[PDB]
Structure formats: structure tokens, C-alpha cells
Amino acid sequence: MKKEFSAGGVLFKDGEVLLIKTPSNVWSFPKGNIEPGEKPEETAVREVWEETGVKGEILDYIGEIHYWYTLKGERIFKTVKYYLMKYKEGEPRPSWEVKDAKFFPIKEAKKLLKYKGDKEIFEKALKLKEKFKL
């Protein structure tokens, strides 16, 4: 069993949340592997920009999710740390690794999300952002 560790962001702009559509056609949150020499917060900010071209600023830590996945028979146990972010600059645009990047009203975002962890993280992010007048 292999272990992986990523960090991502749940970024809001004027009430809407930033999402990306994966190659599998699933809408999820922008994230990436925590590279050697990076703290998870650094990874999250960098990955949001590389994947969506949007610059965000971390307001606080939201939570962590876990999931198992297989690839060509290998099994990997993956952990993703998510951070709440406020929109700073830029216009959503997909990286070469994603199909699309776009802002969605909270309501539509709820219907688009699929992964158990994403739904759980989103709910936590929503409660948490009210505190930051976001």
C-alpha cells in the first residue's frame, strides 16, 4: 500500500465557490501533491493557481479527508488537507490536467460535487466562511 498527501483550496468569490472538472468528468476542488519543501498551505495556494489560474488567500484550515484508490492494480491511501480561501485576482481557466475551472453558486455546487469527502469539506467550509464575512 502506497500513501499520498495532497493539499487543496475551497475558494470563494462574491458568494460563489471555485470548482474544477476532472478528466473523469467529476467536479471537485483544485488540489495537488505536497511537494518536498512545501508546507500544505503553500501547496494549496500554488495548486489553486496552477489548476485554475486564480490567486487566493488562505483564511483558515477547513479539514482533512481520506480515500483509497487503485491505479493499474496498485492501491493508494490518499489524504487531502483543505483550506478556506478568499478570491484575490485572476479569471478561472483550466490547467492542462483539468477539463475546466469555474465559479458556481453554492446551490449548484452542492449538486455538482460527487465525492463523499468533497461534500463533507464543502459543508464545513460553508459554516466556517460565515465567520470571515465571506
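We number the residues from 1 along the sequence you see.
Given 33-41 and 91-99, the range whose Cα B-factors average higher in the PDB entry: Taking the mean C-alpha B-factor of 33-41 and of 91-99, the larger value falls to 91-99.
Mean C-alpha temperature factor, higher of 121-129 and 6-14: If you average the C-alpha B-factors of 121-129 and of 6-14, the larger mean comes out for 121-129.
Out of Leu71, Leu84, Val26, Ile106, highest CA B-factor residue: So the option with the highest C-alpha B-factor is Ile106.
Assigned third (lowest, middle, highest) for the C-alpha B factor of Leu112: Answer is highest: the recorded C-alpha B-factor places it there.
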